[PDB]
Amino acid sequence: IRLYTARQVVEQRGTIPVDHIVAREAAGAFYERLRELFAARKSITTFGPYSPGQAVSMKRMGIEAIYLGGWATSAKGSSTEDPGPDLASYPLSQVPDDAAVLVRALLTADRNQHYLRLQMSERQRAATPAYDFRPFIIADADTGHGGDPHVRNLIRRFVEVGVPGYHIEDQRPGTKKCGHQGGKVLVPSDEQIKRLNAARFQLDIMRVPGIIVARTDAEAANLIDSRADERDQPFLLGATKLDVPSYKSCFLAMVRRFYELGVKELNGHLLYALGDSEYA
Amino acid sequence: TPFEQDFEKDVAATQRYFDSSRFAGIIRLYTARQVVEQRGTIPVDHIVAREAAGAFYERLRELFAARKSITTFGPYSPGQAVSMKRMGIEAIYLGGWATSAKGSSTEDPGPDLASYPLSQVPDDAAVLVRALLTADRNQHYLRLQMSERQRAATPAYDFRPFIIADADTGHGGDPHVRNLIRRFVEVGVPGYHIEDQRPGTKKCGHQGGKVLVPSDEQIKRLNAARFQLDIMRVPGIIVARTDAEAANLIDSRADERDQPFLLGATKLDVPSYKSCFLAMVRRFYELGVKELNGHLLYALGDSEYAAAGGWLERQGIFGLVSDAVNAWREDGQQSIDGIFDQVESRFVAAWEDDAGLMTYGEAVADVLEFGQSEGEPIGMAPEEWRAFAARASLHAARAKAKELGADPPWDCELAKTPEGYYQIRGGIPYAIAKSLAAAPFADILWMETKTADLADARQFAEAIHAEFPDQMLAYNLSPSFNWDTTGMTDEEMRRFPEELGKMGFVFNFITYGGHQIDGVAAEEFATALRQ
Amino acid sequence: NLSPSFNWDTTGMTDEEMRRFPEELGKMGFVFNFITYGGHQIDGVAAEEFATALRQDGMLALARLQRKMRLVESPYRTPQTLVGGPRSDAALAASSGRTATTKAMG
Amino acid sequence: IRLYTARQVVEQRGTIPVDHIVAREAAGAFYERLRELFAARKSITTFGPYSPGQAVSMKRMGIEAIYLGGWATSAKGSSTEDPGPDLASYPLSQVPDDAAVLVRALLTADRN
Amino acid sequence: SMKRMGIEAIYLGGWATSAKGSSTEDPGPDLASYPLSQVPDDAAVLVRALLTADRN
Ligand SMILES: [Mg+2]
Ligand SMILES: [Mg+2]
Ligand SMILES: [Mg+2]
Ligand SMILES: [Mg+2]
C-alpha cells in the first residue's frame, strides 16, 4: 500500500534526467534472488563487514549479500565522530558514507577482476571462478533519524551511493540505553508506517525498487512514547487502583527525600515543577 | 595515591568553575565528579571556543547592563563574516534556514526542515571561524610591517569568533545534543541555540502544525548541552528558544508546566477529532476518490467509524464530501488537492465549533462565573481561580475545582490530532511560561516571533525580568517580514534595534540576511553583465 | 578570461567600448568568456553595504533591500517559495497520506 | 587525437553498469550550443558564482553557462581548509566539492 | 588493540590508505593519487579511537 499517487511522485522529479543505476539494478536482482530463496525455503547467512576488503572477501568466499549495521558504524567513528556505543547519535550521513566505501570496493573489484579475465583464454575462464561483486547490501537506517524529511534524506543518501536495501525500526530516536533491562522506547505504529511510506516515496521518486525492511523492537520493549495508535492500545498497562498517586509523582518524591536528607547529588526532581499537594 | 589526588584536584577545579559568577543562577542536574569522570587523562583544549566564549559573554553582560545591543545578520559566506567585522558589527549569527538553503556536496538545498545531518551547521560555522582567524593572521602580518604612526592611523579590526549558531531542536536526545555541541565547540563556536520544537515536524507555508515538546524534554536538551560544554571546559553561551508564541500543538500532555495551556473539548458526546477526520477521508475513498487513502494508515474500529459518521452526517460534512466528489467528477477527476483542502477547512471549523474547545482553567472559570451570576456563595473569586489555574497541574486544578463544587466536562484526548498531538493555546503567555522554566538552564532566552512588534517584545521581556531581572534576551528579525506594510515611519525602523536593546534584548539578528543580499547582488550583476 | 582586478577605467576605453568588448571576443571565436571570481567580489560589496546600512539606519536597511526586490520582482521577495517550500509541503502530504496536521484550532 | 584505443577504454570498465547521466547529457547539449555560437561568431559571457543561489540567479537572468575557478575556491576555504590565495594547494577534491553544490542547486531549482 | 598488547607506537601508510578508499575515493594501488587530505582523515579516526579508549 502506497499512501500517495503516481502523480504525486512525478511532480517531485523535475525535467533534468537522473538515474541511480547501481542501486536500481542491484535492487532488482537482489529482490528477485531473495524471492527465489524464499520460494525454496533457503536463505543467505551473512555478517557486517568492517572494511572494504572484508566486503570483497565475503563475496569471493561465496556469500551472496552483505549486511551493514549502526553498531559497527558507531564503533568505527570517523574523522569528526568519536567512536562509541550504538546510540545512532552520529549524523544521519554516517551509515551511507560507510556503505559508499563498500560499494566502491565492490565495483572496483569487479573492474579489476574483469581486466584480468579479459587477458585469459576461454578455457582458463571456464576453469577460473568469477566472483559476484554486485552490491547486494541491506543497510541500517536506524529509526529514520527524525520525521519524513529525515527518512527521505537518509534513503536518498543510501541510494545515491548505490545501496539497494534499508532497515527502519519502530524505536524512538535518542532513547537507546546501554546495559539496562528497561527504558527501550517504541513509537506508535502510525509513526513507523509513515517512515516506511516516506522511504517508499523517496525510492519511487528515484525509480529505485529498493528493499524496505521493517524492524520491530517490541519483543523486549518496555515503553512507548504515545498512547494514540489503536494497534498499540491492547498492550498499554494501566493502574486499576485509582487512589494510588502517579508513578511519576512517587518517583520525584522519593528523589526529593534523598536530596532533603543530604544527598545533594540527587537533584533530578529540580527538572520538574510538581505542586506541593502532589508531593504530599 | 597520585591517581586519587589527580582526580580530586580536577574535581575541586571543576567545582570552582561551576561556582564562578559566570554560572550564577544556573542549575546543573549533575556534579563536578560526573563531569571529571568523562574527561580521561590525555589533555585536550578547545582554546578558540573557550576564549571566545569568555570574552563574548562578558561583552553581552556589559551591553545588557548599559541596555545596549548587538544588531547583526547571518553571513552566507566567509567573506560576508569578515566584512561584517570590518564594518564594526561585534558578533555573528548563523542559522539553519540559510544552511538548508545552501546545501552541500551531498545535501540538496531546500526549505528549513532541519533535515540535514546534524554536522551541517557546525561544518558551515567551521568555514566562518577559519575565515576570521585567517583574516586576523593576514591583518597582523601587514600591521607588523607598519610603523608605530601607521598603526595609530590605520584601524585594526576585531576578528574574534563571537558566533551564536543554530542547534535546531538538538537533532534527537541527549547523545545527539552532546554530539552537536561537541562539533560546534571543536571548530571554535562559543554560542548555540536550542528550541522547544519536536524535530521532523516543521511545516512550510501553513498557519498550523507547529509542534512543541514538553518543558522537561527541552530542559534536558539545555542540561545535556551544559554537561558537554563543562566536559570540554568551554563556558559556551546556551540560548533557549521557545516557539510557543505561534505553536498549535504539543507531542505530550505529561509536563505540569504545559498543562494549563492544553485545549480540551467541553461537549463530550462529540466523537474524537481523529475519528471524524478519518471517517471523512474514508467517505471520499468509498465514493471513488482512490487517491484519498490516508485512512489506511490507521486501524479504526467499526463502532468508532460509525459514531464519527453520525457526527459528519448531522453537521453536513458528508454533504460537503458528496458535493466535492461531484465537482471532482465534473472537472474530469484531476487532483483533488484543492477541493479536499476546502472540505478539510470546513470540517476543522465545524469540529472546533461543536467540541467547545477551551483550557481547563477557562472551563472552571465559566462554572464559577455562572455560580456568581446565579447568586450562589463564592468559593473563590474569578481572578483568584485564574491565578491558581495558571500555575496548577491538571491534577491540582481538578482537585481544587472539585473542592469548589465545579467539575465541568473537559477532555483534551478528544481534541488530539490524527498523529496523537495535543492542541495548546499558543501565545506570548505560553512563551513566557516555557521561557521561565528554561531560565535556570540557559544564558539567553529567545521568543521566536514572526512580526517585528515592540509591544509583543515588551510583554515577554517584562514578564521574564519580573522573575529573572539579570536574564539576557535575544530577538530574531525575519528577512521575509514586510517592513513597509507595517506603516512604520523610516525613523521608527531606524530606532527599532535600539528599542530592543533598552528592554534587555542584547543580541538581535536578521537570520538569513546574508542569503538575501547574496541573491540581490547576483541578480543585479548578471543583469548588468548581459545589458 | 576577464580578470576582476584588471582596472577597466584606466584603459581609456569609452563606456561603449566596454559594452561591446564581449561581442568583439565572440566575433574572433572566443565562445566562452568569464569573469573568474566575479561572484566573490559582488558577495563582498553586498556584505559591506548591508553591514554599513544596518549599523547606520537599523531596520530601514532591511526595508530598503525588500523595496529593491519588489521593484525588480525578484523571487527572493518570497524566500520560502524560492527554496522549494511548496514541493516540500507536497512531499509531506505524500509521506503522511495527507494525515499530517497543518490546520489550526483556536 | 587519442593516444589509446577503444579496447584500452573498455578493459577499464568492468561488468557492472554505471551511468553519469547528468554530466553525460549536460556535456552533449553544452558542446552543441558552443558549436552553434562559434558558427554564428557569438559567445557566452559569464562569471564565477560564489554560492548556489548566485548560480541559480545567473540562469534566471538568462546567462547560459557557468564558470567555476580555483581563485574563488581558495578564497572560500572549507570546514578543514583555511581560506587563502590562489595556490591550488587545497586537496584535489576541493573544486569538485564546490561544483557539486552548484549542480545540486541547479537540479533542485529545476524540480521546484 | 596494538596499544593494549604493549606496542608503544603506530605507523600509518599511504599504501593501506589507497587500498581502503573513502566515500568519494575508489580504492586502488599506492599511487598517492588520493586528495592530500586522505591520510590525515584516516589518522584522525585513529587519534579519536585512542583518546576515546583513554576516556573509557
Ligand atoms: Mg542502529
Ligand atoms: Mg538564565
Ligand atoms: Mg586555479
Ligand atoms: Mg605513500
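Note that chain B is numbered according to Swiss-Prot, with residues 12-542 shown in order.
According to its header, this structure was worked out by X-ray crystallography, 1.8 Å.
Just so it is clear, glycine is given a Cβ too, placed from its N, Cα and C backbone atoms.
What Swiss-Prot lists as active site, proton acceptor is B:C215. The substrate binding site feature in Swiss-Prot is assigned to B:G106, B:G107, B:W108, B:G216, B:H217, B:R252, B:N487, B:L488, B:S489, B:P490, B:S491, B:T522. What Swiss-Prot records for B:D177 is Mg(2+) binding site.
The structure, with features from Swiss-Prot marked on it.
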{"residue": "B:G106", "record": "substrate binding site", "DSSP (3 states)": "coil"}
{"residue": "B:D177", "record": "Mg(2+) binding site", "DSSP (3 states)": "strand"}
{"residue": "B:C215", "record": "active site, proton acceptor", "DSSP (3 states)": "coil"}
{"residue": "B:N487", "record": "substrate binding site", "DSSP (3 states)": "strand"}
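Between the farthest pair of Cα atoms in the substrate binding residues (B:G106, B:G107, B:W108, B:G216, B:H217, B:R252, B:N487, B:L488, B:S489, B:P490, B:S491, B:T522), the distance is 21 Å.
Cα separation, the residue listed as 'active site, proton acceptor' to B:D177 (Mg(2+) binding site), rounded: 19 Å. In this entry, nothing among the binding-site residues B:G106, B:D177, B:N487 has a C-beta under 8 A from a C-beta of chain C. On the backbone, the CA of the residue listed as 'Mg(2+) binding site' and the CA of B:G106 (substrate binding site) stand 5 Å apart. Sequence-distant contacts of B:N487 (substrate binding site), defined by Cβ-Cβ distance under 8 angstroms and a gap of at least six in the same chain, are B:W457, B:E459, B:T460, B:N519, B:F520, B:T522. Candidate binding-site residues: B:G106, B:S489. Fewest other C-beta atoms within 10 angstroms, B:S489. Within the same chain, residues at least 6 positions away in sequence whose Cβ sits under 8 Å from that of B:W108 (substrate binding site) are B:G85, B:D123, B:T522, B:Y523, B:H526. All chains included, 17 other C-beta atoms sit within 10 angstroms of the C-beta of B:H217 (substrate binding site).
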